[PDB]
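2 protein chains.
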Amino acid sequence: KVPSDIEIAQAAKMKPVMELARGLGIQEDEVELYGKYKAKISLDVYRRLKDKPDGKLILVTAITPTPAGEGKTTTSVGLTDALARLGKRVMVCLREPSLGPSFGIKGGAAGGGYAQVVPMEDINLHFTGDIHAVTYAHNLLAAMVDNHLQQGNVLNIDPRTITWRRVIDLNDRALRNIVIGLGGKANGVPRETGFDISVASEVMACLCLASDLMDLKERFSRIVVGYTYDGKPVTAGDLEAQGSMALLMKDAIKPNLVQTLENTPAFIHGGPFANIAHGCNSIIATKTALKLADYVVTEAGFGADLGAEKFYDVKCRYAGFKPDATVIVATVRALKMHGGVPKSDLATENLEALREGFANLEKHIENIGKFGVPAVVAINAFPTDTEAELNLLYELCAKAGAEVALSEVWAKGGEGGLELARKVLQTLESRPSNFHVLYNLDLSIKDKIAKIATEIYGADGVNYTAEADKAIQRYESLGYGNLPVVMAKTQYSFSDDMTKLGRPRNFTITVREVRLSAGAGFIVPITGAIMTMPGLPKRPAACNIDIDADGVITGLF
Amino acid sequence: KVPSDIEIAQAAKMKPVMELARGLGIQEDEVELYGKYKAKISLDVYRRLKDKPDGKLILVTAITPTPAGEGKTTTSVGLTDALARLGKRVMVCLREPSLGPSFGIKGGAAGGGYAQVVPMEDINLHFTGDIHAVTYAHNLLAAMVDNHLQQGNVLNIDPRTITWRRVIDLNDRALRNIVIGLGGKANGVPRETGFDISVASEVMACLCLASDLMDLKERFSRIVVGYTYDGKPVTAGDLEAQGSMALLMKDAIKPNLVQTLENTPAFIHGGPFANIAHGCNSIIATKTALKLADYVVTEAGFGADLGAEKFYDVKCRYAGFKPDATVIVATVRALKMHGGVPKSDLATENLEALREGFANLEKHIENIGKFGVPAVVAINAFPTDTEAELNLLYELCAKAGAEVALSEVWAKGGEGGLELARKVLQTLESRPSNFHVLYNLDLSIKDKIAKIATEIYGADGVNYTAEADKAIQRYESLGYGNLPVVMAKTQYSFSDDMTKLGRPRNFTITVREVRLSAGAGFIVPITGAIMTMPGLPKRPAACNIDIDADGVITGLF
Ligand SMILES: Nc1nc(=O)c2nc(CNc3ccc(C(=O)N[C@@H](CCC(=O)O)C(=O)O)cc3)cnc2[nH]1
Ligand SMILES: Nc1nc(=O)c2nc(CNc3ccc(C(=O)N[C@@H](CCC(=O)O)C(=O)O)cc3)cnc2[nH]1
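For the protein sequence lines, the chains are A and B, in the order given.
If you use full-length UniProt numbering, the first sequence closes out at 559, no skipped numbers anywhere.
If you use full-length UniProt numbering, the second sequence closes out at 559, no skipped numbers anywhere.
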C-alpha cells in the first residue's frame, strides 16, 4: 500500500521556510536561507523573547532498543503533526544525522513513512554545514596541539598523554589507531592517536549544550587536550584556540528551520552520540522552539535508560527546562523479543512473551516517574499485531498507570497520531509535572554513578577496575567531581550486558574506564568497549550509490 | 575530680516547673503538675500557637556506636545549656527511657556528668505513667483479640496468623515465646504468642508519630492484629478497640515538662525502639517546643545511618519539619575502634587508626548532606586523648567540609559547650538548610529499601529471602506499598554485619523478613535477628538495688 520512505519525501510539497518563519513571528532579517526550504535562524530571536513564557515541553523516548526496531522519530514527527492538526502551535526539534551511515548501512528518513522532516536528501548529507564546521573546529585544535609540540613544546605536554583525538564523518575503521608526526624533525612529533566520527566529537557535544556563541567559546577554552610531564592538565584555553574554533562555528551556532511532510516547522540542530554524550539536539534550537510555540516535541537517543536520563539530568539541568510530559514509544514486536522470542518468530502471536517483555516497558514508565514527569506510551502499530496482543498491551499500560495510545503515524501521517496527541493534551491539562533531576551535583562521581545505576538500571551495585579508580581519584582532585555523569554503556539492555533483554535482575555494572569532557562539562564512565568510530560493512551501501544525468539518485535509500 | 552521675542529679537545684512554664508563655490552666518538678502540658498550647513561626530545629545524632561509647544525649543537653547561656530561647526534647534496663544493665543519667535533665530518679522509673498507659492500651487489644476468638470468632481470624503480641517493660526473656489460652473451652483459644518490651510496642510508635489524641485514635483503628482464614486482614478498627485505647492514652498524649541541671526547660515524651521503629521522641513534644522557643535541640536513637535517617524520612516527613542543622557526636576512641584498635588499647595514641576510622565519620557527614542539612561535628573530649589526636580530628573534619567543636559538657556543664553552641549559631546564620527527604513515597518498597541501603549504608545492593519476597508482594497488593520504610538492622555497622566497623565497602544487605505497622504507618524490613525483648544478665543490677529507712537508694546507678 504505502510508498517507500525516499519517494514520499520527494513528492511532498514543501512551503518556503521564510513563510513558516514569518508565520512564527521570526523577522526576515533574522533569517539566512539555504535554498527555499532551509534556513539558519538568528540567536537574536531568542534574545528578544527571553521574557515570554515557555510553551510546553514534550519529550519523546522509547523502550530498550532491539534488532526488531521501534521507530522513535517516526513518532516524534507524527506526534508533532497531529498536534498541528488539532490546531495547536507546535514545533519539533530533532538531531542532524551523521553523514557516514548514509554509505555503509544506508541513509534513512528523519522519521519514516508519512512522518518525516524534509528536504530528506539534504539533511542526510551536507545539510547546512554544521558537522563540517564541527569537523574543522575540532581538527584545528588537533593541528594546534601538534604545532605547539613542533614549535618547542613550551607548555611541556607529554605528547603520550594526549587525549584529544581527530575526527571525520565517515565510517573509517582504519583511522581508529594511527601514528602521526613521522618523517623527521621537520614533520612534527611522532605520536599515537586516531580518528573518531565527527558526531562523537566533544565539540559536537559542546554545541548541543552551549547557550550561545560566547558560552560556546568559553566551553572550548576548558577543553582538556592532554597533560604536562608533571601531570598538570593542558587546555585549549592554554593553546589559545578558542577564538578560532568559535570563529569556525559562527554559522554553526544557529538552529536550522525545516518542515515535516505536512509543513509543521522543525528545528534540526546538533546531534551528539548518546552513550559518551547525551544524545540530544542543541539547547539553542529547543530553547528557541519554546519561545516560538506553545508546544515543543523533542526526542532523545537510545532507550529511556540513556537518552531520557541524560535529557533530564544534563540538557534540562543546564537549560533550566522542566519537561511537562514524556512519551515512551514501544512496539508489540520489540516487547516480544524482550520476552524471549527470536527475531524470526516475532510474527507468531504470543501473549506470554508479551506479558514477560512488558516488564521492560513497565520499568521505563517507572523511571520517568522518578523525574516527576507524567508518561504516555505510544504503540507503533504493526500489521502482524493481533487484537489480543494490542489489547493486552493496553491493559498492561493502564495497570502500570500510564495512558496508552496506538499510533499509525507511519501509515497515515498526522491522522495516525490524533488519539496519541489527545492523550498527551489530556495528560497536560490534568497531570502537571513536578520536574527534578535524579541527582545533586555535589555528590561524588561514585555516588552519582550508583544512583543512575540502581535507580534507573535496577543494578545491584557498581564495580570499578583499578584504572577507573585512579581516573576518578585524579579527576576529583583536579576539581571535576561536581560534574554531571554520562554513562556510556550498551543500549540493548538495562545492564552493561547486551545479551540481557527485558528487565534483568541481580546484576552489577562494571565501569572499566572513566573519561572527561571538561568543555561540555561532564564525566564519562564507560562500561563495555565503546565504538566511537564504526566501520563499513562487507558490502558498503556506497557500492550501489549513483546519480544519473537527470540527477536521479539510486542505491542511496 | 567530677562526682558520679547520680549524686550530681540530686544536689542540683531545680526550679518549680510551673515557673518555667509561665516563663515560656504557658498558662497555668494548661499545666497538670506531678510534684513540683514535672508537668504534663496541654495540647491546647500548640493549638493556640499553630500560626506562630517555628523556632530553629537542631538535630543531634552520632557516628556508628561502638563498645567504647559516644555519649549523644550528654551532648544534646549540654548543647541546650550552652544555648541558654548565650541568651537564646531554647528547649531540648528527649525520649523517655524504658524502665526495665534500670534492673539488668543499670539505669543511667538522661545525659551524664553535668549535662542532664532532672529529676533523674523519676525519669528512669514510672516518670508520669506514659509507658504504663502504653502497656495497657496495647494489652487491651491483646485481650480483645483473645476475647473475640473466645466469643465465637465472628470476624473469622485464623488465630495462628495473629501478629499482635503482648508487651511489658521489663527484660524478660522467658516471655519471648509462649502458648496462651490453655485449660479448656472455658479458658480461651490455645495459641502461640509472646511479649515484647513495652517501648517496642507499635502503640509507643504511634504515640510518637501522632499529631493529637484524635489522630492517635485514628491510627489505632488501622492497627493490623492478624488475618482471616481467607487471608483478609483484621484491624483494631474491626475489633472496635480504638476509643478504649484512645481513652487509656488521654493523659499519655501530653508532653512532660522537666529541666536540665541548669534549669533549661526540656520535654521528655514517648520513646520508641530505633531499629523496628524510628527512635525519636514524640512529634507532639517537638512541635510544641518550636512554638515555645527560638531554638529546639532534639536527638535520635543509634547512629546517623538509622536515627537521623528516620528522623528526616519519617518524623520530619509527617510533621512537615525542616531541620536547620545537624550535630554529629564523635569521640577519638570510637573512631579508633573503627580504625581497628581493640577496646583495651584505645588509650594508646594512634593517629593512623584515627585517620582510618575517620572514614566512618566522613561517611555520616556526607549522608547528612544528602538531606540538605548543614552538619557540625561535636567531639566528646576524653582525658586520654592527645593534642596530636584532637588536632588531626579537626583537620580531618574541616578537610571533609564540616565545622568541628570540642565539647566538654560532661565535665563543665553548659560552659563546655559554648564553642559548639557558637559554631551551630554560626552555621545557622550563614548556611540555611535545604531539607528534602531521601526518597518519595510513590516508589516501591524494594526501590525505597535500595535507596536507603545504597545512599546511606553504601551498600552495593539488597538481597531478599523468599519469605521477605511474599511479604512485600502481599503488603503491596494489600495497598501498603506507598508507605515509609523503617530499616531494623544492626547499629554497630553501616552493613547488616555488626563485625564490620568503620566504612565497609563491597557488601550487600540481606532482608530476611518484612513486617508492618499500619498504625504508625510504615513498613519494617529486618536484616539480622532483631531482639524486641532483651534478657537480664548473669547478675542483674536488681540484686544490688535497695532503699533504706531514710530513702537512700543504693545499687541503682
Ligand atoms: N517499518 C514499518 N513500521 C511500521 O510502523 C509499519 N506499519 C505498517 C502498516 N501499519 C499497520 C499498523 C497497525 C495495524 C493494526 O494493528 N491494526 C489493528 C488496530 C488495533 C487497535 O486499534 O487497537 C486493527 O484493528 O486493524 C495494521 C497495520 C506497514 N509496514 C510498516 N513498516
Ligand atoms: N564517660 C566519660 N565521658 C567523658 O566525656 C569524660 N570526660 C572526662 C574528663 N574530660 C576531659 C576531656 C577532654 C580533655 C582533653 O582532651 N584536653 C585537651 C583539649 C584539647 C583541645 O582543646 O583541642 C587539653 O588541652 O587539655 C581532658 C579531659 C573524664 N571522664 C569522662 N567519662
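Cβ coordinates follow ideal geometry from the N, Cα and C atoms, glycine included.
- Straight through space, the alpha carbons of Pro99(B) and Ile330(A) are spaced by roughly 54 Å.
- Looking at the DSSP output, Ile182(A) shares a beta bridge with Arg193(A).
- The closest heavy atom of ligand 2 lies less than 7 Å from the beta carbon of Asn382(B).
- The beta carbon of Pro235(B) is closer than 7 Å to those of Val226, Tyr229 and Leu480 in its chain, skipping five residues each way along the sequence.
- The straight-line gap separating the alpha-carbon atoms of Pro161(A) and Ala207(A) is approximately 24 Å.
- In this model, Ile159(B) and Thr512(A) are separated by some 50 Å (Cα to Cα).
- Per the coordinates, the alpha-carbon of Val191(B) lies some 31 Å from the alpha-carbon of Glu478(B).
- According to the DSSP assignment, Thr262(B) belongs to the beta strand (DSSP E) that extends over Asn258 to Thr262.
- Counting along the chain, the unbroken beta strand (DSSP E) around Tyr297(A) starts and ends at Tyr297 to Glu301.
- Counting other Cβ atoms within 10 Å of its Cβ, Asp498(B) reaches 16 or more and is therefore classed as buried.
- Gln29(A) is the residue among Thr300(A), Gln29(A) and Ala14(A) whose C-alpha sits nearest the C-alpha of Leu51(A).
- In terms of side-chain proximity, the C-beta atom of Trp412(A) is found nearer than 7 Å to a non-hydrogen atom of ligand 1.
- In this structure, the straight-line span from the alpha carbon of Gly303(A) to that of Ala279(A) is close to 10 Å.
- Under the three-state reduction of DSSP output, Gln153(B) falls in the coil class, being neither helix nor strand.
- Between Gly521(B) and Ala295(B), the C-beta spacing is not below 8 Å.
- Using a Cβ-Cβ distance cut-off of 8 Å, the stretch 521 to 532 of chain B and the stretch 207 to 218 of chain B are in contact, since at least three pairs of beta carbons, one from each stretch, lie closer than that value.
- Comparing alpha-carbon positions, the option among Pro55(B), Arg505(B) and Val33(B) lying closest to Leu45(B) turns out to be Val33(B).
- Between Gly80(B) and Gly305(B) a beta carbon distance of about 20 Å is seen, past the 8 Å cut, so the two are scored as non-contacting.
- Annotated as distal: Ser495(B) and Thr165(B), with beta-carbon spacing of 8 Å or more.
- Contact annotation: the stretch 483 to 492 of chain B touches the stretch 445 to 454 of chain B, with at least three C-beta pairs closer than 8 Å.
- Listed as beta-bridge partners of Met122(A) by DSSP are no residues whatsoever.
- At a C-beta separation below 7 Å, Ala452(A) has these neighbours in chain B: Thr456.
- By the Cβ test, the stretch 411 to 431 of chain A is in contact with the stretch 78 to 96 of chain A, since at least three Cβ pairs between them sit closer than 8 Å.
- DSSP places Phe496(B) in the coil class of the three-state scheme, outside both helix and strand.
- Contact between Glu405(A) and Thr429(A) holds: their C-beta atoms lie close to 6 Å from each other, under 8 Å.
- The C-beta of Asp444(A) comes closer than 8 Å to at least one C-beta of chain B.
- The beta-carbon separation of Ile60(A) and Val426(A), rounded to 6 Å, stays under the 8 Å limit for a contact.
- When the alpha-carbon of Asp471(B) is set against those of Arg514(B), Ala461(B), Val47(B) and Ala361(B), the nearest one is in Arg514(B).
- Rounded to the nearest whole angstrom, the CA to CA distance from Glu410(B) to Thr350(B) is 21 Å.
- For the pair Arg224(B) and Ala212(B), the CB atoms are not nearer than the 8 Å cut-off.
- When the beta-carbon positions are compared, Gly460(B) and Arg507(B) come within less than 8 Å of each other.
- For the pair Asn283(A) and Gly273(A), the CB atoms are nearer than the 8 Å cut-off.
- Think of a sphere of 7 Å around the beta carbon of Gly183(B): no beta carbon from chain A falls inside it, the nearest being about 43 Å out.
- With respect to the C-alpha of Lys289(B), the residue from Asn546(B), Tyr48(B) and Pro376(B) having the closest C-alpha is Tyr48(B).
- With its beta carbon at least 8 Å from every one in chain B, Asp307(A) lies outside the interface.
- Your pair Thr77(A) and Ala380(A) checks out as a contact, with CB atoms roughly 5 Å apart and the cut at 8 Å.
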